[PDB]
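> Sequence and experimental coordinates follow.
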Amino acid sequence: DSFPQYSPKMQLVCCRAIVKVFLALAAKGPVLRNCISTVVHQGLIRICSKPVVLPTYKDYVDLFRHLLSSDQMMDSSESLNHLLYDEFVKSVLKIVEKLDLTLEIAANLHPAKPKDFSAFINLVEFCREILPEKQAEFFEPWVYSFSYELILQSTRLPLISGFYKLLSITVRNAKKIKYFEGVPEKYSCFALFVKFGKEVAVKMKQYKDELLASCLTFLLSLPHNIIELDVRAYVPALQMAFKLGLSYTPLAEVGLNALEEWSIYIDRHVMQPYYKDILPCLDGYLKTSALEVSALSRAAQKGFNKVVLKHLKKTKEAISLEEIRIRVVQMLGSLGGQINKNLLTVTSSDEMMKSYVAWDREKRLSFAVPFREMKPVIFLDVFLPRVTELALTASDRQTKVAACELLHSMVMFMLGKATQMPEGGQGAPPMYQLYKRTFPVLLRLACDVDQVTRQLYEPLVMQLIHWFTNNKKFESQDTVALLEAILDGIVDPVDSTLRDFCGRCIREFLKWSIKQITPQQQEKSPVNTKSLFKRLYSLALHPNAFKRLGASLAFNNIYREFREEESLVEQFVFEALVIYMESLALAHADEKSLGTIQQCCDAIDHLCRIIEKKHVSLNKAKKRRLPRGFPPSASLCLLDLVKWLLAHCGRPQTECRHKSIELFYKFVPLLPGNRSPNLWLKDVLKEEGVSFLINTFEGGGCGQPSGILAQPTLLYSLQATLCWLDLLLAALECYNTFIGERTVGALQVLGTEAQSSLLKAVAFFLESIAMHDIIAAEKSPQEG
Amino acid sequence: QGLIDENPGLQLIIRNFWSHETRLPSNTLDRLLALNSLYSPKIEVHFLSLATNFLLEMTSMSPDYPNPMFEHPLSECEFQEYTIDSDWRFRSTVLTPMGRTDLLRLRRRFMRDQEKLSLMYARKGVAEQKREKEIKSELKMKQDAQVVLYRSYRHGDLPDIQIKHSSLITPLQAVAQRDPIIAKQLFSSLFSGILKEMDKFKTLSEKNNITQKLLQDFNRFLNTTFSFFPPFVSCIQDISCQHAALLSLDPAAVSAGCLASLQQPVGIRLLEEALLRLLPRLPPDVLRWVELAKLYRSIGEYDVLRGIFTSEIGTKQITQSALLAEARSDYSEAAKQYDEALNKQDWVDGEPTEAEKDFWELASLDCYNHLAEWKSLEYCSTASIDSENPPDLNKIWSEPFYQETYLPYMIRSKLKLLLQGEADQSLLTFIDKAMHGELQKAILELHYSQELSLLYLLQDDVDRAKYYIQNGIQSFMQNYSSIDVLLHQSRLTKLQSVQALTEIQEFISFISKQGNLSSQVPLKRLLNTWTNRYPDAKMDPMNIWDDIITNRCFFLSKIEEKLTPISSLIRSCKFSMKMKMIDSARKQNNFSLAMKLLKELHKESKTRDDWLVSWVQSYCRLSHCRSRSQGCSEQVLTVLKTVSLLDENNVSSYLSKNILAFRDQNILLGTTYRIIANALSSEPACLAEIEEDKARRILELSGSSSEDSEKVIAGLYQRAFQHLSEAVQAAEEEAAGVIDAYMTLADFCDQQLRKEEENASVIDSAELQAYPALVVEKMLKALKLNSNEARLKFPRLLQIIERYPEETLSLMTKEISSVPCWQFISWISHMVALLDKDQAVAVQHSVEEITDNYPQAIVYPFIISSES
Amino acid sequence: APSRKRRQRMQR
DNA sequence: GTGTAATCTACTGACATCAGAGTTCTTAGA
């Protein structure tokens, strides 16, 4: 502990002393090696507890650095350094385990035991500063464990950063020692990283600024040999990496390093299609060229005497911006021409051919730069297409902040010159054409990762949304455009964090939409109130995973909006439950990697709960909103929706079936009968019998397309076989309802009447596919 | 010169000097005419920003400056003000969930023990030693991230429209200062505005005077600049276009400046407007048209050139023919034409204008450049400079035409004449003598870094190599960020050089780590990497391809020299990489270069067999391609007289060593025969008797034993087809060319059937009976893969089916038996039409499948076709 | 064919 | 520690000076 309180020469002698006491202790053998373990472990506790976070830990770097590497100690060792380093890493494992890191009350939470939470961070930054630099031969035995135990902790508690950081040290340190290239427990480590990599890719989308930085820092670092297994799962990760990097250098260096790695190892034909979308977003780093009297200077002035040597000898960190520029050019070169041509927008066919037209036929934004002797006119619109590009993607931050402040001024001018209407409609509203292409700029430039820009534009985007539902010109195509922009902001594929701001934007839009307009028009005059929901709903059923993802993420952010006052209009959502619960799980039997969607189905769960929590008035008579999936219109009562659920209680898509079953369970007691679930199922079996059950659990959902039919599946194949395999899975899990709450009796579960589900489970899978599963046929990594 | 000084303080002081009232005039127009005088060559890269700053800061004292830009707010909302924090921090950086008093000071004692005091300052000093260490570590980040806002940012629940005029003209200036393309737009707009509002103030007498003053000043600008910063050159021209009477800008000056600045198009429009406007009385105006020709040649659009010279406007038809040749990249013929042109003794109808000679010379130099005759390049580049035979290279820096037109080729020539093999020491002398004078030095250091780098590296002075190449990387960044975004072709011609720079960087960094010197693994590493990184094939001009080839050649020579106490591996790379260059040149229709490289690399054929077969393959490929272009009678010589002979497998059992060759060589021989037969059939009336002896003597041997007159062609085709068949049976051994070879046999059949339908050949049709069978059973076989080119021609199928009916059965039973139905959806329409007539047995199963799979496609065409 | 040139005087 | 003194110790030009070495002459002398 005393270490930092010394002088440099004192530091080196103190290191020597502590090193040798360690030697001496170790010499006496096992009786005290345990005690040496104790001593280091205690040490690390007391350093990681340094009372504040950024005598800070940064001071102690040298101590453990020399301790861990000074092979010169014994000659002026190899077993010494090995043992000591091993002890350090064991200490880190132990201390990461023993800490609690409990999270509960993304920023709406508060970490449980504060002082504990700070120590974690300290330890993270330490172990960063100490571990990889050794290039340890010694880390090889510890890759596996220091991973597995760390992954466990990560998964069990994501949304804590430094786990990813330590894991990044793990992976890089492994990479440097040619570990994974072999594809023992090494195959296990490659496997575990494969799975965590995919998992963390899925998770990365949702996360926000700092955690996003951590996760990318990790992901972008996995070795090549793991990449080519699942490429294009990471390409978006790297893109978002560079987008951050233009305003946080070390992450950018992490990128450029990563991209060099990929380009040099991954088989070219594998990656050729992908440089298209990845090399752009290099433009910013080269976007601009950004157009002393220290003691040694004065010393050398008087003469080249001995004193100069003292200063220069004493004279003799994270990468800087200029260095990363020269790196970016060096890499941009290193890929080669046949590759690098892609840095320009596209091959010259159509897309850039769009870039030429002016953003507006006729030049609005007429400014009158107010000189004295005269009043010339300067058209601010010609500035704008380049100013905006600066604003989003400039590298030099002085340029970027200046550009941002210009664009704020300039958009304010747009609004102003709008209200000085020179043209009241009778065609395209003036400055609409300008709005269409300035709003996406304004949006995705908000929730950028420069704190200054963020504070400058997030409020303005809120103010713009506010203005564009003010009563005056609430109807105008300008608001139509802005809403269209927000929606295409939700659906944004790559800009992960843009999603969240766009969501908040939609929320604010709906909020002011209710709060501002007279509802007399609002029922049917606008293109907003029901229109917005309709637009979402239309988005839901879409094939694209990202598009639905956006649909969800929006509808997630209108919990409160819909529950507040829309009590008049529970009804769109009393059917939306169907809409979302269905679509937002369809087409998720595939498209899993990019689809963090299923977590947003939890939003379906919340909207669910909030609609049933008003049930006494939910089931009012003569309320007959047309639903989807029900031909005969009638006054919807929850009975109908429940029957729908039970019909949909079984369906092949996994997440839906799980959520839907449990949702049925949570609904049924709310119904007027107040009958217990088991009681009500008994009711409908006395009413309909086992055939109802068999049709609804061996089948069900969207009608009766095809349920669990044993024999033809036994007899009748390619990866389609997986289809029915999932069917049987869904089957037995649906039977798991039966003593899920003891709702159905055993002879009621088994009347042996007309179902062979359990028969086929115990027979077909459990014989032919259970263990004979090396190669299946009924008569590629795809399978594996 | 001080107006750009490094210290910000002196920057402000000198600028405030130059903006005081009595130095530059106080009204606008007198300012705008003055700032032209505020320029020097060296102030260039900033001159735009500086002009903008001066103009606007005189705007700064006008009465509307604090008067808010828009009179009323847009609501009643209350407006607050908030400051933005900006404390040298970004957003992804903090981890998530964490006076008679003064007289009193005389009451002091003093430590008496100088030892104790000494220790006190000692510890104190180590404290500042650590404090300085950390402050030096943090000041880098602080220099990066220091941001100063510029306005108030009042907050309100609505937008705060009511911003003071300052709140926009000051930020605009800030951006203009910091980035130069916005500078160009701002200065251009503001200059346009001032010179447009000048009307309401001065009579035409004054306007002529001020316009002439600007024209003089701008001509000075362009003619005197050396940096050639793309933004400023562009700004000056762009100003000139949007106002009349500035338009008579020295055409030669603009032409040269735009050629250099890699920003051509703006210059094209300048001279364009010049032409149309100043001549709505000298009819020709050659000095302008010709320099426009130079421009369009730069931008590589040889197509438009064909217009300029066929107008009976001044230029002589020798130039026309030269251009037609050089459009087809027949650069050799172009050079011959030009050389004969410049040396015409006496002309009919007047000697070429001063400028036509200029264009001729520049085209000559460039036309050589596209070639590998670099000794000729140097001779051309040096001849015109001086009088005596041993050229006084120093003269080049005398008067500007040389400085811009002759230099770059001079230096590029001498560089490679050095870096290839060996040569004298002219260039070292030249550049060293040059690098004394100031403007002298600036030209070389700012433009031609990538070349001085290699020059110096030849002398084994690695340190200067590093300095120059670093300068080159910075220069690329600066002269690239400058190029305006829309000019794609310009930016492309930029990037084509980052490969050169990076390659030089890598070699320097490779001869810097002796740990990577003494071993052998990382030489293999570098060789493997360079082996599979190449410039773009079909796009990048060969003037860069040679740059990479020769650079790499020299660098390998140097590395070999280091690792003398292998050469197999280096030779291997040299083979492969030069071969790739030939293949490239073959694509670009740059044939003569391909001739020369084949001839330069044959002597390496004698070595082990894979390179032997590769060389012969490439040469025959090139011969075929050369034939395709031109030659109708003599073209048979261009292939038969050699290519047949060379391709004989007597020299190669490599087919027994691998199969890829066993495909490639056979398809080569196929196409060899194919053109022979095609042209022999072309105008048979005058071939065998015109290629009267040796080729004809070879012909029958190539044909059949019987020397019959007409039947010789069929004798060719018969073995042709059997050979292509050999190609396909090669293919069936495991898309690389198999799709292509399949299509190739397809095409041979197709042309043959077309020819057959125009006559009656019983025996050729009898042996043809296979041809349609194969075309269906095999082309459609190929349709399985994407085969876009094949999938297009599918109507040819149905027609083949019809006209040749007996063998339809193959179609159904073979491939429509297996088509992926979408690959017919493309034009499902035609055959759903044909779905009535007797062959309908054909599409039956296909239309059924597509009906089932993608029903909504068939319905709309099918519903109508149902009516028929 | 050999490549030949001669000097030229720029009339300005 | 950092920085400014004060001041000893150096080197050189220059000048005396012992010694050391190159040189001619008498006696004792094959």
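Sure, I can see it. Numbers count the residues shown, from 1 in each chain, chains lettered A, B, ... in the order given.

> Relative to chain A, how far out is the residue of chain B found nearest DNA strand D?
In chain B, the residue found nearest to DNA strand D is residue B:125; the distance is 3.3 Å by Cβ to the nearest atom of the strand. C-betas here are computed from N, CA, C, even on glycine. Using Cβ to the nearest Cβ, to the nearest Å, residue B:125 is found at 10 Å from chain A.

> what about that residue, how many residues close to it?
Residue B:125 is flanked by 11 other residues according to other Cβ atoms under 10 Å in any protein chain shown.

> Quickly note the distance from residue B:101 to residue B:109.
For residue B:101, the distance to residue B:109 (Cβ to Cβ, to the nearest Å) stands at 20 Å.

> picking that back up, and the residue of chain B closest to DNA strand D, that one's in a helix?
Yes. Judged by DSSP: H, G, I helix; E, B strand; the rest coil, residue B:125 forms part of a helix.

> quick one: it from residue B:218, how far?
61 Å.

> Near chain B, which residues of the stretch 101-250 of chain A are found?
The interface of the stretch 101-250 of chain A toward chain B, taken as Cβ under 8 Å from any Cβ of the partner chain, is made up of A:103, A:106-107, A:109-111, A:117-118, A:121, A:159-162, A:209-214, A:244, A:247-249.

> cutoff 7 Å now
A:109-111, A:117-118, A:121, A:161-162, A:209-211, A:213, A:244, A:247-248 (Cβ under 7 Å from any Cβ of the partner chain).

> Filter these down to the buried ones and hand me the PyMOL line.
This is the PyMOL syntax for the buried subset of these, where burial follows 16 or more other Cβ atoms under 10 Å in any protein chain shown:
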select buried, chain A and resi 111+117+118+121+161+162+209+210+211+213+244+247+248
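
> Can you pick out the most distant pair from the residues of the stretch 101-250 of chain A next to chain B?
A:110 and A:247 (27.8 Å; Cβ to Cβ).

> ranges for the strands of the stretch 1-150 of chain B?
When assigned using DSSP state E, counting those that start in this stretch, the strands of the stretch 1-150 of chain B occupy the ranges B:79-81.

> ok, which stretches of it are helices?
B:8-19, B:28-35, B:44-59, B:114-145 (DSSP state H, counting those that start in this stretch).

> Of the ones you listed, which stretch is the most buried?
helix B:44-59 (a mean of 21; mean count of other Cβ atoms under 10 Å in any protein chain shown).

> near chain A, anything from that one?
Yes. Legend: contact between helix B:44-59 and chain A by Cβ under 7 Å from any Cβ is shown at B:45, B:46, B:59.

> so how far is that helix off the chain centroid?
34 Å (Cα atoms, centre = their mean, to the nearest Å).

> likewise stretch B:735-745?
31 Å.

> circling back: can you narrow the residues of helix B:44-59 next to chain A down to the ones near chain C?
Of those, not one also sits near chain C (Cβ under 7 Å from any Cβ).

> Closest to chain A out of those?
residue B:59 (5.1 Å; Cβ to the nearest Cβ).

> ok, the closest one - contacts?
Applying Cβ atoms under 7 Å, 6 or more residues apart in numbering or on different chains, one finds that residue B:59 lies in contact with A:369, A:370, A:371, B:169.

> burial measure for the last one, as a count.
Residue crowding around residue B:169 was assessed by other Cβ under 10 Å; the count is 22.

> from chain C, which residue is nearest to DNA strand D?
residue C:7 (59.9 Å).

> Residue B:633: what secondary structure?
Secondary structure state of residue B:633, per three-state DSSP, is coil.

> Distance-wise, check the residue nearest to it when sequence neighbours are not counted relative to chain C.
With sequence-adjacent residues excluded and distances taken as Cβ to Cβ, 6 or more residues apart in numbering or on different chains, residue B:633 is closest to residue B:690, at 5.4 Å. To chain C, residue B:690 is 27 Å away according to Cβ to the nearest Cβ.

> in a strand, that's where residue B:690 is, yeah?
No. Assignment of residue B:690 by three-state DSSP gives coil, placing it outside any strand.

> Count the residues that sit near it.
Neighbour tally, residue B:690, other Cβ under 10 Å: 13.

> Do I have it right that it meets residue B:632?
No. With contact defined as Cβ atoms under 7 Å, residue B:690 does not reach residue B:632; the gap is 10.3 Å.

> Residues that sit against both of these two, list them.
In contact with both residue B:690 and residue B:632: no residue, using Cβ under 7 Å, 6+ apart.

> What sits closest to the residue of the stretch 51-200 of chain B found nearest chain A if chain neighbours are left out?
Of all residues in the stretch 51-200 of chain B, the one sitting closest to chain A is residue B:193 (3.1 Å; Cβ to the nearest Cβ). Of all residues not flanking residue B:193 in the chain, residue A:376 sits nearest, at 3.1 Å (Cβ to Cβ, 6+ apart).

> and that neighbour, that's in a strand?
No. Counting by three-state DSSP, residue A:376 is not found in a strand; it is coil.

> so who does it touch?
Here residue A:376 is in contact with A:369, B:190, B:193, B:194, B:197 (Cβ under 7 Å, 6+ apart).

> Can you pick out the ones from these that are in helices?
B:190, B:193, B:194, B:197 (DSSP state H).

> burial count for the second one?
For residue B:193, the number of neighbouring residues by other Cβ under 10 Å comes to 21.

> With the last one instead?
By other Cβ under 10 Å, 17 other residues sit near residue B:197.

> Next up, the contacts around residue 3.
Unless you meant another one, I'm taking chain A. A:14, A:60, A:63.

> switch to chain C, that's the one I care about
Applying Cβ under 7 Å, 6+ apart, the residues contacting residue C:3 are B:339, B:376, B:379, B:380.

> in what helix or strand does the third one lie?
The one in question is residue B:379. Counting by DSSP states H and E, the element that carries residue B:379 is helix B:374-383.

> Tell me which residues are up against stretch B:852-864.
B:821, B:822, B:825, B:828, B:829, B:832, B:847, B:850, B:851.

> Dump the residues you listed to CSV, plus secondary structure and distance to residue A:513.
Listed next are the contacts of stretch B:852-864 as CSV, based on DSSP: H, G, I helix; E, B strand; the rest coil; distance: Cβ to Cβ, whole Å:
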residue, secondary structure, distance to residue A:513
B:821, coil, 48
B:822, helix, 44
B:825, helix, 44
B:828, helix, 47
B:829, helix, 48
B:832, helix, 50
B:847, helix, 52
B:850, helix, 47
B:851, helix, 48
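
> Of these, which count as buried by neighbour count?
B:821, B:828, B:829, B:832, B:847, B:850, B:851.

> Within reach of DNA strand D, which of those residues are there?
For DNA strand D, no contacts are drawn from the buried ones among the contacts of stretch B:852-864 by Cβ under 7 Å from any atom of the strand.

> which residue is nearest the middle of chain A?
The residue lying closest to the centre of chain A (Cα atoms, centre = their mean) is residue A:205, at 2.0 Å.

> any idea how far chain C is from that one?
Residue A:205 is 64 Å from chain C, by Cβ to the nearest Cβ.
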